[PDB]
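Have a look below at one chain only, the form deposited in one PDB entry, in structure tokens format.
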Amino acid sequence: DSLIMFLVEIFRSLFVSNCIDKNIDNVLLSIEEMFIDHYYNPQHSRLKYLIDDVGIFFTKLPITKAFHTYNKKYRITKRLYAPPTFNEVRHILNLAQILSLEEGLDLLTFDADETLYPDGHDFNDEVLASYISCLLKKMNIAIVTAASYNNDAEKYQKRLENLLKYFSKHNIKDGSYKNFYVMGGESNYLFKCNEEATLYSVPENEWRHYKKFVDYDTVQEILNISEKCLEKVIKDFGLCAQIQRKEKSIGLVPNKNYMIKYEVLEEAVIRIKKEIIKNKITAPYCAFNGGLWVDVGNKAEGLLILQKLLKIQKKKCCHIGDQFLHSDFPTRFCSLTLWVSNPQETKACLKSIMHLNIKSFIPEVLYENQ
């Protein structure tokens, strides 16, 4: 809600000034030169001054070609009473990031909790599985999830079986199955795929040196502080819920199920962080309300581990998620992040990613089949 709101008001002022359908190249190219200036000198840039929480530009964002591409198809400037909206600027920034990938991509990462199964149940989309299939032939595919199953690959495969079903038919002969990765526990458990389209655990020895270290005792007392507070949350609000503890995660689960108020869940999240602050713990963790789980580790550092493990340059990486569902350390600080809000947008970006170096193909981020 920083860079998007930045352009939204700019377009709102061009709208009410009655010039947004005319030649706004002078305004667009000044913003683009701002973005190019920020890409070269990201510290003490002019964009940094206006938007202090702005990330790092790993690419040169062609925001002028992104607006012209979106406006030629959807004619948002021909609307007399409806200015450009939050979602249209978001589509334009997704359009600019895809257009900036002239070199191509070697690693494409997904947020499964938001992109592959936002419903909360196993993968289920053949067309989406087909896009991931053909993209796996050209690049590495990694999937990041907050599921807490420790290191048993059968539980993670249960959620992605419909996706691994498609790998069985087309992704075994050419050896592309070797490049598919799964990071469980946000950033603590890694899995790969074999010839039989089955997930197997990658031992820590093969990738532990790519993850920043956190003390075992530090991990535990994070869960200890989280445990006592949830116990008080149960007694304070008379909840019919139970605490489920794992090696690096602890959760507030309702008994089979019972409904916990969304506000009480948010209240519990604010008691946890505030308590961890009072004990002067500096280790990164992720207290998450799903409509509660406290994982030691976040999905952003999990994207970092995968970039080091595969030895990929920041330019050739792109992450796909839905920032509506979390409001968190932004994953945009570690990779190029597309923001998709429904499956039709996800299949639109994946189709344009399949045609990156092709000039005849126009980038689309909203309608897969239009």
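All residue numbers are counted from 1 along the displayed sequence.
**Q** Deposited residues absent from the coordinates between residue 120 and residue 121, none, 1 to 3, 4 to 9, or 10 or more?
**A** Missing residues, residue 120 to residue 121: none.
**Q** Do the CA atoms of 214 to 222 or those of 86 to 94 have the higher mean B-factor in the entry?
**A** Averaged over C-alpha atoms, the B-factors run higher in 214 to 222.
**Q** Between 299 to 307 and 60 to 68, which has the larger average Cα B-factor in the PDB entry?
**A** It is 299 to 307 that shows the higher mean C-alpha B-factor.
**Q** Compare the CA B factors listed in the entry for 228, 155, 273, 73 and report the winner.
**A** Within the set 228, 155, 273, 73, 155 shows the top C-alpha B-factor.
**Q** Based on what the PDB entry reports, which of 124, 257, 115, 140 has the top C-alpha B-factor?
**A** Of the candidates given, the C-alpha B-factor peaks at 124.
**Q** Among the modelled residues of its chain, does the C-alpha B-factor of residue 341 lie in the lowest, middle or highest third?
**A** Its C-alpha B-factor belongs to the lowest third of this chain's values.
**Q** Among the modelled residues of its chain, does the C-alpha B-factor of residue 251 lie in the lowest, middle or highest third?
**A** It falls in the bottom third of the chain.
**Q** Split into thirds by Cα B-factor across the chain's modelled residues, where does residue 110 land: lowest, middle or highest?
**A** Lowest third, going by the recorded CA B-factors of the chain.
**Q** In terms of the chain's CA B-factor thirds, is residue 163 lowest, middle or highest?
**A** For residue 163, the deposited C-alpha B-factor lands in the highest third.
**Q** Once the chain's modelled residues are ordered by C-alpha B factor and cut into thirds, is residue 11 in the lowest, middle or highest one?
**A** Ranked within chain, residue 11 CA B lands in the lowest tercile.
Not on display, but discussed next: the form deposited in another entry.
**Q** Are residue 253 and residue 182 part of the same rigid part when the chain is split into two parts moving between the shown form and the other one?
**A** Taking the motion between the shown form and the other one as two rigid parts, residue 182 does not share its part with residue 253.
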